[PDB]
>>> print(open('structure02.cif').read())   # mmCIF, N, CA and C atoms and all ligand atoms
data_start
#
loop_
_atom_site.label_atom_id
_atom_site.label_comp_id
_atom_site.auth_asym_id
_atom_site.auth_seq_id
_atom_site.Cartn_x
_atom_site.Cartn_y
_atom_site.Cartn_z
N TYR A 19 -22.72 -39.38 -32.08
CA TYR A 19 -21.72 -40.48 -32.23
C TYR A 19 -20.72 -40.04 -33.29
N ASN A 20 -19.84 -39.14 -32.90
CA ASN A 20 -18.87 -38.50 -33.82
C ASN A 20 -17.47 -38.85 -33.39
N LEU A 21 -16.49 -38.32 -34.09
CA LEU A 21 -15.07 -38.55 -33.75
C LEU A 21 -14.43 -37.21 -33.42
N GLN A 22 -14.10 -37.02 -32.15
CA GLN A 22 -13.47 -35.78 -31.63
C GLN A 22 -11.96 -35.92 -31.77
N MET A 23 -11.32 -35.01 -32.51
CA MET A 23 -9.87 -35.03 -32.60
C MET A 23 -9.32 -33.73 -32.01
N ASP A 24 -8.53 -33.90 -30.96
CA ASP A 24 -7.90 -32.81 -30.22
C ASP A 24 -6.63 -32.40 -30.96
N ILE A 25 -6.56 -31.14 -31.38
CA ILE A 25 -5.43 -30.58 -32.18
C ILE A 25 -4.64 -29.61 -31.31
N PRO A 26 -3.29 -29.75 -31.22
CA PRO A 26 -2.45 -28.92 -30.35
C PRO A 26 -2.68 -27.40 -30.31
N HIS A 27 -2.52 -26.72 -31.44
CA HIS A 27 -2.60 -25.24 -31.56
C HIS A 27 -3.74 -24.84 -32.50
N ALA A 28 -4.83 -25.60 -32.48
CA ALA A 28 -6.03 -25.35 -33.30
C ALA A 28 -7.24 -25.88 -32.56
N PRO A 29 -8.46 -25.43 -32.92
CA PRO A 29 -9.66 -25.93 -32.28
C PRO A 29 -9.83 -27.44 -32.49
N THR A 30 -10.47 -28.09 -31.52
CA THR A 30 -10.84 -29.51 -31.58
C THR A 30 -11.78 -29.68 -32.76
N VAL A 31 -11.54 -30.68 -33.60
CA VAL A 31 -12.40 -30.93 -34.78
C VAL A 31 -13.32 -32.10 -34.46
N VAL A 32 -14.58 -31.96 -34.82
CA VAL A 32 -15.60 -33.02 -34.64
C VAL A 32 -15.91 -33.55 -36.03
N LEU A 33 -15.50 -34.78 -36.31
CA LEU A 33 -15.72 -35.43 -37.61
C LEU A 33 -16.92 -36.35 -37.51
N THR A 34 -17.72 -36.34 -38.55
CA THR A 34 -18.87 -37.24 -38.66
C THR A 34 -18.49 -38.47 -39.48
N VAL A 35 -19.35 -39.47 -39.45
CA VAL A 35 -19.14 -40.66 -40.32
C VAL A 35 -19.12 -40.19 -41.79
N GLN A 36 -19.95 -39.21 -42.14
CA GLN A 36 -19.98 -38.68 -43.52
C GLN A 36 -18.62 -38.07 -43.86
N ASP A 37 -18.02 -37.33 -42.94
CA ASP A 37 -16.69 -36.73 -43.19
C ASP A 37 -15.70 -37.84 -43.55
N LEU A 38 -15.71 -38.96 -42.82
CA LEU A 38 -14.75 -40.05 -43.15
C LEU A 38 -15.10 -40.68 -44.49
N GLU A 39 -16.39 -40.82 -44.81
CA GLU A 39 -16.80 -41.39 -46.12
C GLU A 39 -16.31 -40.52 -47.29
N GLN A 40 -16.06 -39.24 -47.05
CA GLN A 40 -15.60 -38.31 -48.11
C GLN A 40 -14.08 -38.28 -48.23
N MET A 41 -13.37 -39.07 -47.41
CA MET A 41 -11.92 -39.20 -47.51
C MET A 41 -11.60 -40.43 -48.36
N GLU A 42 -10.32 -40.59 -48.71
CA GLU A 42 -9.90 -41.76 -49.47
C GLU A 42 -10.27 -43.04 -48.72
N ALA A 43 -10.91 -43.98 -49.41
CA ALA A 43 -11.34 -45.26 -48.83
C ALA A 43 -10.24 -46.31 -49.00
N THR A 44 -10.06 -47.11 -47.96
CA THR A 44 -9.17 -48.28 -47.93
C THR A 44 -10.00 -49.46 -47.43
N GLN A 45 -9.83 -50.62 -48.06
CA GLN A 45 -10.54 -51.85 -47.64
C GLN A 45 -9.55 -52.95 -47.26
N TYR A 46 -9.81 -53.59 -46.13
CA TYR A 46 -9.04 -54.75 -45.67
C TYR A 46 -10.01 -55.89 -45.39
N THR A 47 -9.63 -57.10 -45.77
CA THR A 47 -10.38 -58.32 -45.41
C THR A 47 -9.52 -59.09 -44.42
N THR A 48 -10.06 -59.38 -43.24
CA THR A 48 -9.27 -60.01 -42.18
C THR A 48 -10.16 -60.79 -41.24
N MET A 49 -9.54 -61.82 -40.65
CA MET A 49 -10.09 -62.43 -39.46
C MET A 49 -9.65 -61.60 -38.25
N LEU A 50 -10.45 -61.67 -37.18
CA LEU A 50 -10.18 -61.01 -35.91
C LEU A 50 -10.79 -61.88 -34.82
N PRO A 51 -10.36 -61.75 -33.55
CA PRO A 51 -10.88 -62.63 -32.51
C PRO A 51 -12.37 -62.45 -32.21
N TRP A 52 -12.94 -61.30 -32.55
CA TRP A 52 -14.34 -60.97 -32.21
C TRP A 52 -15.28 -61.37 -33.33
N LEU A 53 -14.77 -61.86 -34.45
CA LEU A 53 -15.60 -62.21 -35.62
C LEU A 53 -15.85 -63.71 -35.66
N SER A 54 -16.97 -64.08 -36.30
CA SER A 54 -17.39 -65.48 -36.53
C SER A 54 -16.84 -65.99 -37.87
N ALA A 55 -16.41 -65.08 -38.74
CA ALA A 55 -15.85 -65.36 -40.06
C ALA A 55 -15.13 -64.11 -40.49
N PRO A 56 -14.14 -64.19 -41.40
CA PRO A 56 -13.46 -62.98 -41.82
C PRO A 56 -14.47 -62.00 -42.42
N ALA A 57 -14.16 -60.72 -42.28
CA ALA A 57 -15.01 -59.62 -42.76
C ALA A 57 -14.17 -58.63 -43.55
N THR A 58 -14.85 -57.88 -44.40
CA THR A 58 -14.23 -56.82 -45.20
C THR A 58 -14.60 -55.48 -44.58
N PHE A 59 -13.61 -54.72 -44.15
CA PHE A 59 -13.80 -53.40 -43.53
C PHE A 59 -13.43 -52.32 -44.52
N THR A 60 -14.25 -51.27 -44.57
CA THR A 60 -13.95 -50.07 -45.35
C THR A 60 -13.70 -48.94 -44.36
N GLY A 61 -12.62 -48.21 -44.56
CA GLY A 61 -12.29 -47.12 -43.65
C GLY A 61 -11.32 -46.15 -44.26
N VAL A 62 -10.88 -45.22 -43.43
CA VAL A 62 -9.81 -44.29 -43.83
C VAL A 62 -8.56 -44.70 -43.05
N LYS A 63 -7.42 -44.73 -43.72
CA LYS A 63 -6.16 -45.00 -43.00
C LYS A 63 -6.02 -43.98 -41.87
N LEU A 64 -5.63 -44.47 -40.70
CA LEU A 64 -5.35 -43.56 -39.56
C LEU A 64 -4.29 -42.53 -39.98
N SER A 65 -3.27 -42.95 -40.74
CA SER A 65 -2.21 -42.02 -41.19
C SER A 65 -2.84 -40.84 -41.95
N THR A 66 -3.77 -41.13 -42.86
CA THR A 66 -4.44 -40.11 -43.69
C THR A 66 -5.27 -39.18 -42.80
N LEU A 67 -6.05 -39.77 -41.92
CA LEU A 67 -6.92 -38.99 -41.03
C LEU A 67 -6.07 -38.03 -40.18
N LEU A 68 -4.98 -38.53 -39.57
CA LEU A 68 -4.09 -37.74 -38.67
C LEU A 68 -3.40 -36.61 -39.44
N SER A 69 -2.81 -36.92 -40.59
CA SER A 69 -2.09 -35.93 -41.42
C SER A 69 -3.05 -34.82 -41.85
N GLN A 70 -4.27 -35.17 -42.24
CA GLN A 70 -5.28 -34.20 -42.74
C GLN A 70 -5.81 -33.31 -41.62
N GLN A 71 -5.72 -33.75 -40.36
CA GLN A 71 -6.26 -32.97 -39.21
C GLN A 71 -5.13 -32.35 -38.37
N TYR A 72 -3.97 -33.01 -38.25
CA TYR A 72 -2.80 -32.47 -37.50
C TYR A 72 -1.80 -31.78 -38.42
N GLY A 73 -1.73 -32.20 -39.68
CA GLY A 73 -0.76 -31.67 -40.66
C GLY A 73 0.56 -32.42 -40.57
N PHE A 74 0.60 -33.50 -39.78
CA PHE A 74 1.80 -34.35 -39.57
C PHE A 74 1.35 -35.64 -38.90
N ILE A 75 2.20 -36.66 -38.87
CA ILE A 75 1.85 -37.90 -38.13
C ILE A 75 2.62 -37.86 -36.82
N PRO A 76 1.90 -37.74 -35.68
CA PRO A 76 2.54 -37.68 -34.38
C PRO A 76 3.25 -38.99 -34.03
N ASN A 77 4.09 -38.91 -33.00
CA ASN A 77 4.86 -40.05 -32.45
C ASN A 77 3.90 -41.08 -31.86
N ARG A 78 2.87 -40.64 -31.14
CA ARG A 78 1.95 -41.57 -30.48
C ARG A 78 0.63 -40.85 -30.28
N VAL A 79 -0.46 -41.52 -30.61
CA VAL A 79 -1.81 -40.97 -30.38
C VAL A 79 -2.54 -41.92 -29.44
N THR A 80 -3.52 -41.38 -28.75
CA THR A 80 -4.40 -42.13 -27.85
C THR A 80 -5.79 -42.14 -28.46
N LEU A 81 -6.38 -43.32 -28.56
CA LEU A 81 -7.75 -43.55 -29.07
C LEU A 81 -8.62 -43.91 -27.88
N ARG A 82 -9.77 -43.25 -27.76
CA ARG A 82 -10.68 -43.47 -26.62
C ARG A 82 -12.06 -43.88 -27.13
N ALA A 83 -12.60 -44.92 -26.51
CA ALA A 83 -13.91 -45.49 -26.85
C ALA A 83 -15.03 -44.79 -26.07
N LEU A 84 -16.26 -45.12 -26.45
CA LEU A 84 -17.49 -44.67 -25.75
C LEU A 84 -17.37 -44.92 -24.24
N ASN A 85 -16.86 -46.08 -23.83
CA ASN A 85 -16.76 -46.43 -22.39
C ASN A 85 -15.48 -45.90 -21.73
N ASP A 86 -14.70 -45.06 -22.40
CA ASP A 86 -13.47 -44.44 -21.82
C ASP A 86 -12.29 -45.41 -21.84
N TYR A 87 -12.42 -46.60 -22.43
CA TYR A 87 -11.23 -47.44 -22.69
C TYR A 87 -10.32 -46.62 -23.62
N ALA A 88 -9.02 -46.60 -23.33
CA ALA A 88 -8.04 -45.84 -24.12
C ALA A 88 -6.87 -46.74 -24.48
N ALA A 89 -6.40 -46.62 -25.70
CA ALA A 89 -5.22 -47.35 -26.16
C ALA A 89 -4.34 -46.42 -26.97
N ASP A 90 -3.04 -46.62 -26.86
CA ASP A 90 -2.06 -45.81 -27.62
C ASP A 90 -1.67 -46.54 -28.90
N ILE A 91 -1.45 -45.76 -29.95
CA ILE A 91 -0.96 -46.26 -31.26
C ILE A 91 0.28 -45.46 -31.61
N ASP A 92 1.32 -46.19 -31.99
CA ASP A 92 2.67 -45.69 -32.27
C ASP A 92 2.85 -45.45 -33.77
N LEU A 93 3.58 -44.39 -34.09
CA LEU A 93 3.92 -44.03 -35.48
C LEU A 93 4.47 -45.26 -36.23
N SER A 94 5.38 -46.02 -35.64
CA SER A 94 6.02 -47.17 -36.35
C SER A 94 4.96 -48.16 -36.81
N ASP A 95 3.99 -48.43 -35.95
CA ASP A 95 2.91 -49.38 -36.29
C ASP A 95 1.98 -48.80 -37.35
N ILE A 96 1.73 -47.50 -37.30
CA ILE A 96 0.91 -46.82 -38.32
C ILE A 96 1.59 -47.00 -39.67
N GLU A 97 2.89 -46.74 -39.72
CA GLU A 97 3.67 -46.84 -40.97
C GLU A 97 3.70 -48.28 -41.49
N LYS A 98 4.01 -49.23 -40.62
CA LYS A 98 4.27 -50.63 -41.04
C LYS A 98 2.99 -51.36 -41.43
N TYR A 99 1.92 -51.16 -40.69
CA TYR A 99 0.68 -51.97 -40.85
C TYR A 99 -0.50 -51.16 -41.40
N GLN A 100 -0.45 -49.84 -41.32
CA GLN A 100 -1.48 -48.92 -41.89
C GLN A 100 -2.88 -49.32 -41.43
N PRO A 101 -3.15 -49.28 -40.12
CA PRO A 101 -4.50 -49.52 -39.64
C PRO A 101 -5.48 -48.47 -40.20
N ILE A 102 -6.74 -48.87 -40.27
CA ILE A 102 -7.83 -47.98 -40.75
C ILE A 102 -8.82 -47.70 -39.62
N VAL A 103 -9.38 -46.50 -39.65
CA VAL A 103 -10.60 -46.20 -38.87
C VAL A 103 -11.76 -46.67 -39.76
N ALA A 104 -12.26 -47.86 -39.47
CA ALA A 104 -13.34 -48.47 -40.27
C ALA A 104 -14.67 -47.82 -39.92
N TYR A 105 -15.48 -47.66 -40.96
CA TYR A 105 -16.87 -47.15 -40.83
C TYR A 105 -17.88 -48.06 -41.52
N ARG A 106 -17.44 -49.21 -42.01
CA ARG A 106 -18.31 -50.14 -42.75
C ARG A 106 -17.72 -51.55 -42.60
N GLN A 107 -18.58 -52.54 -42.37
CA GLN A 107 -18.19 -53.95 -42.20
C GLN A 107 -19.08 -54.74 -43.16
N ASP A 108 -18.47 -55.48 -44.08
CA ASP A 108 -19.18 -56.25 -45.13
C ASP A 108 -20.14 -55.31 -45.89
N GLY A 109 -19.70 -54.08 -46.10
CA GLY A 109 -20.42 -53.10 -46.93
C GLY A 109 -21.54 -52.36 -46.23
N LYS A 110 -21.76 -52.63 -44.95
CA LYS A 110 -22.89 -52.08 -44.17
C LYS A 110 -22.34 -51.23 -43.04
N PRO A 111 -23.10 -50.22 -42.56
CA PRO A 111 -22.63 -49.45 -41.42
C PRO A 111 -22.72 -50.31 -40.15
N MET A 112 -21.94 -49.94 -39.13
CA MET A 112 -21.88 -50.66 -37.87
C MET A 112 -22.76 -49.94 -36.84
N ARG A 113 -23.62 -50.68 -36.14
CA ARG A 113 -24.49 -50.06 -35.15
C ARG A 113 -23.66 -49.38 -34.07
N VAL A 114 -24.10 -48.21 -33.64
CA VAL A 114 -23.34 -47.40 -32.65
C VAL A 114 -23.37 -48.04 -31.26
N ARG A 115 -24.32 -48.91 -30.97
CA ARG A 115 -24.35 -49.56 -29.64
C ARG A 115 -23.56 -50.88 -29.65
N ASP A 116 -23.07 -51.31 -30.81
CA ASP A 116 -22.21 -52.52 -30.95
C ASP A 116 -20.76 -52.07 -31.10
N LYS A 117 -20.20 -52.05 -32.30
CA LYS A 117 -18.79 -51.63 -32.44
C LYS A 117 -18.68 -50.34 -33.24
N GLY A 118 -19.79 -49.80 -33.71
CA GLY A 118 -19.76 -48.57 -34.51
C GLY A 118 -19.79 -47.30 -33.69
N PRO A 119 -19.81 -46.15 -34.39
CA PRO A 119 -19.77 -46.08 -35.85
C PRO A 119 -18.37 -46.29 -36.43
N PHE A 120 -17.35 -46.18 -35.57
CA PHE A 120 -15.93 -46.24 -35.95
C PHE A 120 -15.21 -47.31 -35.15
N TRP A 121 -14.35 -48.06 -35.83
CA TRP A 121 -13.56 -49.14 -35.20
C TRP A 121 -12.18 -49.15 -35.84
N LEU A 122 -11.14 -48.96 -35.03
CA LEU A 122 -9.73 -49.07 -35.50
C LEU A 122 -9.44 -50.54 -35.81
N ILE A 123 -9.09 -50.81 -37.07
CA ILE A 123 -8.80 -52.17 -37.59
C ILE A 123 -7.37 -52.27 -38.14
N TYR A 124 -6.63 -53.26 -37.65
CA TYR A 124 -5.37 -53.67 -38.30
C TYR A 124 -5.67 -54.82 -39.26
N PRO A 125 -4.89 -54.93 -40.35
CA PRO A 125 -5.05 -56.05 -41.28
C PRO A 125 -4.34 -57.30 -40.74
N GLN A 126 -4.89 -57.85 -39.67
CA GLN A 126 -4.28 -58.99 -38.95
C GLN A 126 -3.91 -60.12 -39.91
N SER A 127 -4.82 -60.51 -40.79
CA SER A 127 -4.58 -61.66 -41.69
C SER A 127 -3.40 -61.42 -42.62
N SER A 128 -3.05 -60.17 -42.91
CA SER A 128 -1.91 -59.85 -43.79
C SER A 128 -0.56 -59.94 -43.05
N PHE A 129 -0.56 -59.95 -41.72
CA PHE A 129 0.69 -60.02 -40.92
C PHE A 129 0.40 -60.91 -39.72
N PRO A 130 0.16 -62.22 -39.93
CA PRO A 130 -0.39 -63.03 -38.85
C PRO A 130 0.45 -63.10 -37.57
N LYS A 131 1.73 -63.41 -37.70
CA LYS A 131 2.54 -63.57 -36.48
C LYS A 131 2.75 -62.25 -35.77
N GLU A 132 2.89 -61.16 -36.53
CA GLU A 132 3.15 -59.84 -35.93
C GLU A 132 1.91 -59.29 -35.22
N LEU A 133 0.73 -59.50 -35.80
CA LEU A 133 -0.50 -58.80 -35.35
C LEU A 133 -1.48 -59.66 -34.57
N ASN A 134 -1.49 -60.98 -34.72
CA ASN A 134 -2.51 -61.82 -34.05
C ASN A 134 -2.07 -62.09 -32.62
N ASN A 135 -2.28 -61.11 -31.75
CA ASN A 135 -1.87 -61.16 -30.34
C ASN A 135 -2.54 -59.99 -29.64
N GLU A 136 -2.54 -60.04 -28.33
CA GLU A 136 -3.23 -59.03 -27.50
C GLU A 136 -2.54 -57.67 -27.60
N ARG A 137 -1.24 -57.65 -27.88
CA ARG A 137 -0.52 -56.38 -28.03
C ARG A 137 -1.23 -55.52 -29.11
N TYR A 138 -1.63 -56.12 -30.23
CA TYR A 138 -2.35 -55.39 -31.30
C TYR A 138 -3.86 -55.48 -31.12
N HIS A 139 -4.42 -56.58 -30.64
CA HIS A 139 -5.88 -56.61 -30.45
C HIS A 139 -6.33 -55.46 -29.55
N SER A 140 -5.56 -55.17 -28.51
CA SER A 140 -5.92 -54.12 -27.53
C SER A 140 -5.89 -52.72 -28.13
N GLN A 141 -5.29 -52.54 -29.30
CA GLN A 141 -5.28 -51.23 -29.98
C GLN A 141 -6.51 -51.04 -30.87
N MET A 142 -7.27 -52.11 -31.12
CA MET A 142 -8.38 -52.05 -32.07
C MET A 142 -9.63 -51.57 -31.35
N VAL A 143 -9.62 -50.26 -31.08
CA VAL A 143 -10.65 -49.58 -30.31
C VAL A 143 -11.94 -49.47 -31.14
N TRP A 144 -13.00 -50.13 -30.68
CA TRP A 144 -14.35 -50.00 -31.26
C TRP A 144 -15.11 -48.91 -30.50
N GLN A 145 -16.23 -48.49 -31.08
CA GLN A 145 -16.99 -47.33 -30.56
C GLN A 145 -16.00 -46.18 -30.32
N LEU A 146 -15.12 -45.97 -31.29
CA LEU A 146 -14.08 -44.94 -31.18
C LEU A 146 -14.72 -43.56 -31.20
N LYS A 147 -14.38 -42.69 -30.25
CA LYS A 147 -15.02 -41.36 -30.23
C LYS A 147 -14.00 -40.23 -30.03
N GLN A 148 -12.74 -40.50 -29.68
CA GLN A 148 -11.79 -39.39 -29.51
C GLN A 148 -10.39 -39.86 -29.86
N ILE A 149 -9.63 -38.96 -30.47
CA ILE A 149 -8.19 -39.13 -30.72
C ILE A 149 -7.47 -37.90 -30.19
N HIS A 150 -6.35 -38.10 -29.51
CA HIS A 150 -5.48 -36.98 -29.09
C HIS A 150 -4.03 -37.45 -29.12
N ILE A 151 -3.11 -36.52 -29.19
CA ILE A 151 -1.67 -36.87 -29.11
C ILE A 151 -1.45 -37.44 -27.70
N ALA A 152 -0.68 -38.52 -27.59
CA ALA A 152 -0.50 -39.26 -26.31
C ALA A 152 0.29 -38.41 -25.31
NA NA B 1 -2.27 -53.05 -25.02
#
>>> encode(input="structure02.cif", output="structure tokens", more="lines below")
Ligand code: NA
Amino acid sequence: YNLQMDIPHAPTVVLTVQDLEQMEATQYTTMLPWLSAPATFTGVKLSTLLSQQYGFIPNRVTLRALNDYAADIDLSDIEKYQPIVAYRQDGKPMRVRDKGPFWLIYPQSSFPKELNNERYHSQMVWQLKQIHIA
């Protein structure tokens, strides 16, 4: 249950949950449609993860889940809202058969009108296992 990142002119990198824990941590507290109460997520900013593995922030990346659901994320949204690849919810790891080990989280509660809609909910890929340039 790792995170495969496809790199254009370099080998595909396989990141573990430990690899993300060793990167700069960001925490967001937010409500989301799948939660019973707001939760605090700990993760690495997608911008940080992409720059450290691609050496730049691409125009658009595709995130793919365990079940092959795929969603695209745009540079503008990465810059404006700074979503995180979460690896911890309320300080605990997320079970891999539920939404773990990785879940793309936007800080919905910090930008309610912009983010609380299906346009952004559909980008919050849980059981995240692959990233590639779109
Ligand atoms: Na969508």
>>> closest_residue(input="structure02.cif", among="A:55, A:122, A:43, A:25", to="residue 101 (chain A)", atoms="all atoms listed in the file")
A:122
>>> closest_atom_pairs(input="structure02.cif", of="chain A", to="ligand NA 1 (chain B)", cutoff="7 Å", atoms="only N, CA and C atoms and all ligand atoms", output="tab-separated table")
residue	atom	partner	partner_atom	distance
A:89	CA	B:NA1	NA	6.5
A:90	N	B:NA1	NA	6.7
A:136	C	B:NA1	NA	5.3
A:137	CA	B:NA1	NA	4.8
A:138	N	B:NA1	NA	6.1
A:139	C	B:NA1	NA	6.5
A:140	CA	B:NA1	NA	4.6
A:141	N	B:NA1	NA	5.3
>>> atom_distance(input="structure02.cif", atom1="CA of residue 118 (chain A)", atom2="CA of residue 88 (chain A)")
15.9 Å
>>> residues_around(input="structure02.cif", residues="region 63-75 of chain A", least_positions_apart="4", cutoff="9 Å", atoms="only C-alpha atoms", output="list in words")
residues 23, 24, 25, 26, 28, 31, 38, 41, 42, 43, 44, 93, 96, 97, 100, 101, 102, 103, 104 and 122 of chain A
>>> select_by_dssp(input="structure02.cif", residues="region 47-130 of chain A", states="strand (DSSP E)", output="VMD selection string")
chain A and resid 47 to 48 57 to 63 78 to 83 88 to 92 102 to 107 121 to 123
>>> axis_aligned_box(input="structure02.cif", around="region 132-146 of chain A", padding_each_side="5 Å", output="lines of an AutoDock Vina configuration file")
center_x = -6.9
center_y = -52.8
center_z = -32.0
size_x = 30.1
size_y = 28.5
size_z = 19.0
>>> atom_distance(input="structure02.cif", atom1="CA of residue 21 (chain A)", atom2="CA of residue 132 (chain A)")
28.1 Å
>>> atom_distance(input="structure02.cif", atom1="CA of residue 47 (chain A)", atom2="CA of residue 20 (chain A)")
24.5 Å
>>> residues_around(input="structure02.cif", residues="residue 126 (chain A)", least_positions_apart="4", cutoff="8 Å", atoms="only N, CA and C atoms", output="list in words")
residues 46, 47, 48, 49, 50, 130, 131, 132, 133, 134 and 135 of chain A
>>> residues_around(input="structure02.cif", residues="residue 119 (chain A)", least_positions_apart="2", cutoff="8 Å", atoms="all atoms listed in the file", output="NGL selection string")
:A and (19-20 or 35 or 103-106 or 111-117 or 121-122 or 144-147)
>>> write_last_selection(input="structure02.cif", atoms="N, CA and C atoms", output="JSON list (two decimals), in the frame of the given file")
[["chain", "number", "residue", "atom", "x", "y", "z"],
["A", 19, "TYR", "N", -22.72, -39.38, -32.08],
["A", 19, "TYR", "CA", -21.72, -40.48, -32.23],
["A", 19, "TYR", "C", -20.72, -40.04, -33.29],
["A", 20, "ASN", "N", -19.84, -39.14, -32.90],
["A", 20, "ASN", "CA", -18.87, -38.50, -33.82],
["A", 20, "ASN", "C", -17.47, -38.85, -33.39],
["A", 35, "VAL", "N", -19.35, -39.47, -39.45],
["A", 35, "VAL", "CA", -19.14, -40.66, -40.32],
["A", 35, "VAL", "C", -19.12, -40.19, -41.79],
["A", 103, "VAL", "N", -9.38, -46.50, -39.65],
["A", 103, "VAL", "CA", -10.60, -46.20, -38.87],
["A", 103, "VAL", "C", -11.76, -46.67, -39.76],
["A", 104, "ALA", "N", -12.26, -47.86, -39.47],
["A", 104, "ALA", "CA", -13.34, -48.47, -40.27],
["A", 104, "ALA", "C", -14.67, -47.82, -39.92],
["A", 105, "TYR", "N", -15.48, -47.66, -40.96],
["A", 105, "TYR", "CA", -16.87, -47.15, -40.83],
["A", 105, "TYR", "C", -17.88, -48.06, -41.52],
["A", 106, "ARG", "N", -17.44, -49.21, -42.01],
["A", 106, "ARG", "CA", -18.31, -50.14, -42.75],
["A", 106, "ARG", "C", -17.72, -51.55, -42.60],
["A", 111, "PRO", "N", -23.10, -50.22, -42.56],
["A", 111, "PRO", "CA", -22.63, -49.45, -41.42],
["A", 111, "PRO", "C", -22.72, -50.31, -40.15],
["A", 112, "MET", "N", -21.94, -49.94, -39.13],
["A", 112, "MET", "CA", -21.88, -50.66, -37.87],
["A", 112, "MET", "C", -22.76, -49.94, -36.84],
["A", 113, "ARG", "N", -23.62, -50.68, -36.14],
["A", 113, "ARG", "CA", -24.49, -50.06, -35.15],
["A", 113, "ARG", "C", -23.66, -49.38, -34.07],
["A", 114, "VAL", "N", -24.10, -48.21, -33.64],
["A", 114, "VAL", "CA", -23.34, -47.40, -32.65],
["A", 114, "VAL", "C", -23.37, -48.04, -31.26],
["A", 115, "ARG", "N", -24.32, -48.91, -30.97],
["A", 115, "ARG", "CA", -24.35, -49.56, -29.64],
["A", 115, "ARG", "C", -23.56, -50.88, -29.65],
["A", 116, "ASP", "N", -23.07, -51.31, -30.81],
["A", 116, "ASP", "CA", -22.21, -52.52, -30.95],
["A", 116, "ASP", "C", -20.76, -52.07, -31.10],
["A", 117, "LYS", "N", -20.20, -52.05, -32.30],
["A", 117, "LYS", "CA", -18.79, -51.63, -32.44],
["A", 117, "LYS", "C", -18.68, -50.34, -33.24],
["A", 121, "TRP", "N", -14.35, -48.06, -35.83],
["A", 121, "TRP", "CA", -13.56, -49.14, -35.20],
["A", 121, "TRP", "C", -12.18, -49.15, -35.84],
["A", 122, "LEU", "N", -11.14, -48.96, -35.03],
["A", 122, "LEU", "CA", -9.73, -49.07, -35.50],
["A", 122, "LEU", "C", -9.44, -50.54, -35.81],
["A", 144, "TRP", "N", -13.00, -50.13, -30.68],
["A", 144, "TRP", "CA", -14.35, -50.00, -31.26],
["A", 144, "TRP", "C", -15.11, -48.91, -30.50],
["A", 145, "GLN", "N", -16.23, -48.49, -31.08],
["A", 145, "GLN", "CA", -16.99, -47.33, -30.56],
["A", 145, "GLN", "C", -16.00, -46.18, -30.32],
["A", 146, "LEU", "N", -15.12, -45.97, -31.29],
["A", 146, "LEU", "CA", -14.08, -44.94, -31.18],
["A", 146, "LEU", "C", -14.72, -43.56, -31.20],
["A", 147, "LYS", "N", -14.38, -42.69, -30.25],
["A", 147, "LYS", "CA", -15.02, -41.36, -30.23],
["A", 147, "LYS", "C", -14.00, -40.23, -30.03]]
>>> closest_residue(input="structure02.cif", among="A:40, A:110, A:152, A:99", to="residue 123 (chain A)", atoms="all atoms listed in the file")
A:99
>>> residues_near_point(input="structure02.cif", point="(-5.4, -38.4, -29.2)", cutoff="8 Å", atoms="all atoms listed in the file", output="list in words")
residues 22, 23, 24, 25, 78, 79, 80, 81, 82, 148, 149, 150, 151 and 152 of chain A
>>> decode(input="structure02.cif", residues="region 137-145 of chain A", atoms="N, CA, C and O atoms", output="tab-separated table (two decimals), in the first residue's frame")
chain	number	residue	atom	x	y	z
A	137	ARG	N	-17.27	19.47	-7.47
A	137	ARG	CA	-16.10	19.79	-8.31
A	137	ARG	C	-14.81	19.50	-7.50
A	137	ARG	O	-13.85	18.94	-8.06
A	138	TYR	N	-14.76	19.89	-6.23
A	138	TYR	CA	-13.58	19.62	-5.37
A	138	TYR	C	-13.73	18.31	-4.60
A	138	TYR	O	-12.70	17.63	-4.43
A	139	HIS	N	-14.91	17.92	-4.16
A	139	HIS	CA	-15.02	16.63	-3.45
A	139	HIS	C	-14.48	15.50	-4.32
A	139	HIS	O	-13.82	14.58	-3.80
A	140	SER	N	-14.75	15.54	-5.62
A	140	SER	CA	-14.34	14.47	-6.55
A	140	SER	C	-12.82	14.40	-6.73
A	140	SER	O	-12.33	13.40	-7.30
A	141	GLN	N	-12.09	15.42	-6.32
A	141	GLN	CA	-10.61	15.40	-6.39
A	141	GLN	C	-9.99	14.78	-5.14
A	141	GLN	O	-8.78	14.53	-5.13
A	142	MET	N	-10.78	14.57	-4.08
A	142	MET	CA	-10.24	14.11	-2.81
A	142	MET	C	-10.17	12.59	-2.81
A	142	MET	O	-10.99	11.89	-2.21
A	143	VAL	N	-9.17	12.10	-3.57
A	143	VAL	CA	-8.97	10.68	-3.81
A	143	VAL	C	-8.44	10.00	-2.54
A	143	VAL	O	-7.33	10.34	-2.08
A	144	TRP	N	-9.23	9.08	-1.99
A	144	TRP	CA	-8.80	8.23	-0.86
A	144	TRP	C	-8.24	6.92	-1.42
A	144	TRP	O	-8.41	6.61	-2.61
A	145	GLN	N	-7.56	6.16	-0.56
A	145	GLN	CA	-6.82	4.95	-0.99
A	145	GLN	C	-5.95	5.34	-2.20
A	145	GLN	O	-5.84	4.59	-3.17
